[PDB]
Structure formats: structure tokens, C-alpha cells
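Start counting the sequence shown at 209; every next residue gets the next number (the deposited numbering). For each residue, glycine too, the CB sits at the ideal point set by N, CA and C. What follows is one structure encoded as C-alpha cells, with my remarks underneath.
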Amino acid sequence: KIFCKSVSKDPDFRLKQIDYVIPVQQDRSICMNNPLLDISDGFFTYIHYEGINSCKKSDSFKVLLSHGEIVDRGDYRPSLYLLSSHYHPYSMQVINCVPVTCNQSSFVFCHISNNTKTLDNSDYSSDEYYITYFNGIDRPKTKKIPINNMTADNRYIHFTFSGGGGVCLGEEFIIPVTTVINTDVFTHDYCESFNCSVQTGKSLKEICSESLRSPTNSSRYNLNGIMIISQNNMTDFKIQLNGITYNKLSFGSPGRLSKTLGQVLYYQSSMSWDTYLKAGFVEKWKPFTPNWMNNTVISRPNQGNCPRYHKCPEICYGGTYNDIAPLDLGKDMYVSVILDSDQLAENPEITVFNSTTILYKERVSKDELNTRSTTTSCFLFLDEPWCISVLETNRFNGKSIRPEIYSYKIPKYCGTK
Ligand SMILES: *[C@@H]1O[C@H](CO)[C@@H](O)[C@H](O)[C@H]1NC(C)=O
Ligand SMILES: *[C@@H]1O[C@H](CO)[C@@H](O)[C@H](O)[C@H]1NC(C)=O
Ligand SMILES: *[C@@H]1O[C@H](CO)[C@@H](O)[C@H](O)[C@H]1NC(C)=O
Ligand SMILES: *[C@@H]1O[C@H](CO)[C@@H](O)[C@H](O)[C@H]1NC(C)=O
Ligand SMILES: *[C@@H]1O[C@H](CO)[C@@H](O)[C@H](O)[C@H]1NC(C)=O
Ligand SMILES: *[C@@H]1O[C@H](CO)[C@@H](O)[C@H](O)[C@H]1NC(C)=O
Ligand SMILES: *[C@@H]1O[C@H](CO)[C@@H](O)[C@H](O)[C@H]1NC(C)=O
Numbered sequence: 209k210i211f212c213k214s215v216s217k218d219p220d221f222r223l224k225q226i227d228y229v230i231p232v233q234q235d236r237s238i239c240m241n242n243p244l245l246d247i248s249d250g251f252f253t254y255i256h257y258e259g260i261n262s263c264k265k266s267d268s269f270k271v272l273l274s275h276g277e278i279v280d281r282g283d284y285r286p287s288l289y290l291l292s293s294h295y296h297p298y299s300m301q302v303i304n305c306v307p308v309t310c311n312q313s314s315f316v317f318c319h320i321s322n323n324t325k326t327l328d329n330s331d332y333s334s335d336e337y338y339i340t341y342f343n344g345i346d347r348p349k350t351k352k353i354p355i356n357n358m359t360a361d362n363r364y365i366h367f368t369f370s371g372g373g374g375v376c377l378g379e380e381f382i383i384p385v386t387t388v389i390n391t392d393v394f395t396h397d398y399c400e401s402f403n404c405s406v407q408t409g410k411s412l413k414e415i416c417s418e419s420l421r422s423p424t425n426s427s428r429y430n431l432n433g434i435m436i437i438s439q440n441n442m443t444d445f446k447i448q449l450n451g452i453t454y455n456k457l458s459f460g461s462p463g464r465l466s467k468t469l470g471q472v473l474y475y476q477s478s479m480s481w482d483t484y485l486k487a488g489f490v491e492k493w494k495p496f497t498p499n500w501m502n503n504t505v506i507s508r509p510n511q512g513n514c515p516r517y518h519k520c521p522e523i524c525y526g527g528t529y530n531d532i533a534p535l536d537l538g539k540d541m542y543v544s545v546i547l548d549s550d551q552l553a554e555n556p557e558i559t560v561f562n563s564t565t566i567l568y569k570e571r572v573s574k575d576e577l578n579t580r581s582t583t584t585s586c587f588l589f590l591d592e593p594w595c596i597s598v599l600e601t602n603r604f605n606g607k608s609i610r611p612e613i614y615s616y617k618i619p620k621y622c623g624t625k
């Protein structure tokens with residue numbers, strides 16, 4: 209509980225890159241993209257997609273699933289021990305996957321479909337959803353989720369598991385999900401309170417309603433939510449689909465649930481007009497109400513009319529996924545690898561921040577580095593706070609594309625270099 213908690217320069221994160229976990233592909237044309245990582249109770253689950261001359265998720269043919277353990281090697285730092293590594297049996301039909309580390313095994317929740325455009329012109333009854341689970345010894349097993357016996361809190365027509373990680377609470381799995389609904393049932397009191405220039409075309413009430421529409425169908429709305437899956441031994445499933453609170457709604461986007469410090473932290477990537485950090489601890493579960501933070505310093509780059517630090521409501525789409533991880537509940541401290549650029553996805557920086565001020569930061573690379581998304585997970589190691597982050601990098605514009613894993617420690621004292 210003793211580490212740097214003040215505004216300072218020159219932090220010593222003791223940063224180290226991990227290279228033996230992520231495989232190295234012999235083919236230079238293959239792009240390894242969209243990594244996911246969830247750590248819990250000393251075990252982790254790593255996932256990434258492989259495609260040919262394209263780094264798009266559904267534009268793939270392989271989906272890697274890795275299980276491992278956190279181990280002390282006497283190195284005075286945590287090490288990743290890879291135990292099992294498998295490819296998803298339905299990879300060529302995977303639309304999205306979310307990892308969950310429960311107890312001492314890996315769990316992968318994937319959405320499989322024949323139609324890459326299923327979210328724009330189809331419904332969830334036309335698709336299938338599976339749980340693939342394994343550990344260091346057991347062979348991987350894939351079970352189909354019975355969405356037929358599912359109960360929903362609203363008239364949803366489609367959904368996909370979308371996010372950087374899930375959570376295990378007792379016998380229930382809670383996975384972040386993005387839902388689709390074809391009628392405007394939503395309110396926007398928070399956005400309507402903004403004091404911005406009125407666009408000559410539409411009103412502020414119209415801007416915020418329409419900003420929840422899909423940019424590829426416009427008759428559909430993308431609303432974030434969670435799915436609660438309880439089971440005994442992959443038997444007698446009870447599945448519930450709850451939407452996120454209508455307080456401070458933002459267009460559907462990949463989220464995250466993480467167990468940290470006795471609370472449950474929810475993160476939602478800001479892919480619409482509110483370019484500041486959407487995150488918060490869970491107050492109620494039905495409806496899924498995270499106590500949204502009022503962060504005024506953490507944002508993300510994007511092209512178009514909503515770049516970094518953009519505040520005003522606007523029909524915008526785009527952004528980057530950047531997980532956060534809490535360090536101290538009383539001091540309201542979090543850590544995150546964010547992108548230090550207004551419009552381009554580049555220059556990742558490890559950032560320890562308040563809701564109101566940035567405490568300290570450090571660039572990951574001295575050279576300019578392209579990075580499309582980051583995820584961060586922190587844990588106690590040797591009675592000290594350590595974190596592991598994965599960055600979706602493209603440093604070799606001439607060699608193959610591959611994500612990178614970094615491990616670092618929160619500085620014990622401020623300003624040591
Ligand atoms: C794709 O179509 C085939 C034939 O209709 C079907 O067997 C399969 O289950 C479909 N896949 C999904 C995810 O629905
Ligand atoms: C757009 O969504 C509506 C609502 O279900 C659907 O009927 C229509 O086919 C979709 N159009 C496209 C091009 O996906
Ligand atoms: C994980 O272990 C706990 C016991 O501490 C148990 O209650 C829970 O059902 C287990 N979860 C799974 C998915 O096996
Ligand atoms: C806009 O101004 C009003 C006061 O007229 C204020 O109450 C409100 O909080 C402001 N909007 C935002 C988003 O802060
Ligand atoms: C759970 O089911 C599997 C079969 O899929 C079986 O091998 C295993 O022993 C079962 N575990 C328990 C605790 O019943
Ligand atoms: C953010 O501000 C709102 C309005 O004052 C408040 O209700 C909410 O609790 C604040 N967030 C946190 C994390 O306290
Ligand atoms: C960070 O926020 C806390 C309130 O949670 C405040 O007391 C503190 O002054 C802030 N940090 C700095 C450097 O001012």
C-alpha cells in the first residue's frame with residue numbers, strides 16, 4: 209500500500225518486455241491482431257486473431273487461446289508461465305470472443321456466425337454462442353450456450369460478446385456484451401445537459417438519439433450490457449441478458465469487467481462523441497449500473513470530428529480500446545496505457561492518473577510506435593503492485609505484425625531514475 213501517489217517526473221516502472229509467450233509466425237504476411245488478456249488468482253488467459261495481409265478481426269482464419277500461470281522465479285518480478293495453447297475449433301466463423309479466468313482455468317466466450325454482417329442484417333437466433341474452456345492438463349472442450357432458454361430485460365434482436373475480459377463471481381459468469389435493438393427506447397439527460405454550439409442541421413436532442421445508431425444500418429441501435437451465465441458443470445444453464453444503465457449512455461463498444469480490490473470495475477471504450485474515459489465500479493447489477501467516473505484528463509485518439517479531448521455531442525464513430533486498472537481505492541488512482549496523439553493511434557504511454565490530474569507517465573518506446581489497442585491488468589506480487597499490459601503494435605512495417613507484452617511495477621518512491 210506504499211507507492212508513489214503524487215505528481216512527479218521520471219518514474220521508474222522497471223519496464224520489461226515479455227517475448228516467450230506470444231508465438232512468432234514464420235510467415236511475414238500474417239498479422240496477429242486484437243489481443244485480449246484477463247488475469248485472476250495467479251492465472252491468465254490470452255487470445256488473439258491471425259489473418260492474412262489484413263488485421264481485421266472477422267477477416268481471420270485462426271484464433272489462439274492460451275492458458276497460463278503467474279509464477280515467482282526468484283527474479284524479483286512476476287513471470288508468465290504458458291501452460292496450454294490451442295486454436296479455436298470454429299475460428300473461421302468467429303465474430304468476437306471474450307476471455308474469463310475463473311478459479312484456475314481459462315474460459316472463452318465466442319460468437320460464431322455464417323454471416324460476417326450478422327450484426328447489421330440478422331438476429332441472434334440465427335447465430336451460435338460457445339464456451340471453450342481448458343487448463344494446463346485438461347484437453348479443451350467447447351459447449352454450445354443455450355440462447356433459446358435465455359431471458360432478456362428488453363426487446364433485443366442481436367448481441368455479441370465484445371470486450372477485453374470478463375469476471376467470475378461464485379457460480380456465475382459475467383461477460384461484457386453489445387446488444388442490438390431496432391427502436392429508440394433510450395433517453396439522454398446527460399448529453400442534453402451539454403452547453404455546446406447548436407449545429408444548424410439537427411437539434412441536440414436529435415444528435416444524441418441518432419449517435420446511438422449503428423453507422424452501418426441506422427435502423428439499429430447498439431447498446432452495451434452484460435450477460436449473466438450460471439451453470440453447475442456446463443449443465444442446466446441459466447442465461448440472463450441485462451442492458452447497461454441509461455445514465456450517460458454511449459454508443460455500443462467493447463467493454464471490460466475486472467475483479468479488483470473487492471469491487472467490480474467496468475470499462476467502456478469511448479467510440480462516440482464523449483471522448484473521455486468511461487469507467488466505474490458496479491453499484492447495482494439489474495440494471496447494470498456502473499458508478500461512472502468524472503475523469504477530465506484521460507481520452508483517446510480518433511480521426512474525424514471527435515479527436516482526443518473532444519467534449520461536445522456529435523454523431524461520431526471511432527476510437528481506441530484502452531483498459532484501466534485501479535491501484536488505490538482511497539486515492540482514486542488508476543493505471544492505463546493510453547495513446548499520446550490527437551488523431552493517430554500511436555505513442556503508447558503508461559499513465560498513472562487521478563480522475564482530475566495525471567500523476568506521472570512514461571513512453572513505452574523511444575521511437576514512434578503504432579498501437580491500435582491496449583489492455584492492462586494489475587495484481588499483488590511479493591507484497592508490491594505489479595501490472596502486465598498487452599499492446600496491439602505494428603512496429604515492423606516491413607516484417608510481420610505481432611502484439612507485445614510488457615511487465616512493470618508501480619514505483620515505490622516518486623522520481624527515481
Ligand atoms: C451455418 O450454416 C450451416 C448450414 O445451414 C449450419 O449447419 C451452421 O450451424 C451455421 N452456422 C451458424 C453459426 O449458425
Ligand atoms: C438494417 O436493419 C434492419 C432492422 O432489422 C433490417 O431489416 C435491414 O435488413 C438492415 N439492412 C442492412 C443493409 O443490413
Ligand atoms: C470456482 O470455485 C468456487 C469455489 O471457491 C465455486 O463456488 C465456483 O462454482 C467455481 N467456478 C467454476 C466455474 O467452476
Ligand atoms: C451546462 O450548463 C448548466 C448550467 O446552465 C450546468 O448545470 C450543466 O452541468 C452544464 N453541462 C455540463 C455537461 O456540464
Ligand atoms: C463435469 O463434466 C465432465 C464431462 O464433460 C466430467 O468429465 C467431469 O468429471 C464433471 N465434473 C464434475 C465435478 O462432475
Ligand atoms: C460523478 O459525478 C456525478 C454527478 O455529481 C456523481 O453522481 C458521481 O458519483 C460521480 N462519480 C463518482 C465516481 O463519484
Ligand atoms: C487526486 O484526487 C484526490 C481526491 O480523490 C485529491 O485529494 C488529490 O488532490 C488529487 N491529486 C492531486 C495531485 O491533487
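Check, Outcome
"Own chain, CB closer than 6 Å to residue 323, minus 5 neighbours either side, in chain order", "330"
"Residue 441 beta carbon near ligand 5 (any heavy atom closer than 8 Å)", "yes"
"For residue 487, the residue or residues it bridges with in DSSP", "475"
"Between the CA atoms of residue 244 and residue 301 - distance to the nearest angstrom", "18 Å"
"Cβ-heavy atom distance, residue 304 to ligand 1, below 8 Å", "no"
"Ligand 3 heavy atom lying under 8 Å from the CB of residue 317", "no"
"Environment of residue 279 [buried if 16+ CB atoms lie within 10 Å]", "exposed"
"Start-to-end residues for the beta strand (DSSP E) that takes in residue 614", "612-617"
"Inter-residue spacing [alpha-carbon to alpha-carbon] between residue 307 and residue 619", "29 Å"
"Residue 430 CB to nearest heavy atom of ligand 2 below 8 Å", "no"
"Distance, residue 462 Cα to residue 431 Cα", "11 Å"
"DSSP state of residue 558 mapped onto helix, strand, coil", "strand"
"9 Å Cβ cutoff met for residue 353 and residue 337", "yes"
"Distance between residue 355 and residue 366 (C-alpha atoms, nearest Å)", "11 Å"
"Residue 418 versus residue 426: straight-line alpha-carbon distance, rounded", "8 Å"
"Residue from 546, 589 and 466 whose Cα sits closest to the Cα of residue 384", "466"
"Residues proximal to ligand 4 by C-beta, any heavy atom closer than 7 Å", "401, 402 and 403"
"Distance cut 6 Å, beta-carbon to ligand 1 heavy atom: residue list by chain order", "301, 320, 321, 322, 335 and 336"
"9 Å Cβ cutoff met for residue 295 and residue 442", "no"
"Candidates 370, 588 and 397, of which the one nearest residue 457 by Cα", "397"
"Strand pairing of residue 257, partner residues [DSSP]", "241 and 271"
"N- and C-terminal bounds of the beta strand (DSSP E) containing residue 639", "For residue 639 there is no data in the structure shown, the boundaries of the chain being 209 and 625."
"Contact test: residue 352 Cβ vs ligand 5 heavy atom, cutoff 8 Å", "no"
"Alpha-carbon to alpha-carbon, residue 608 and residue 395", "46 Å"
"Rounded distance between the beta-carbons of residue 229 and residue 613, thought under 8 Å", "6 Å"
"Neighbourhood of ligand 7 [Cβ distance below 7 Å to any heavy atom], ordered by chain position", "214, 215, 539, 540, 562, 563, 564, 565 and 567"
"Limits of the unbroken alpha helix (DSSP H) element including residue 417", "412-418"
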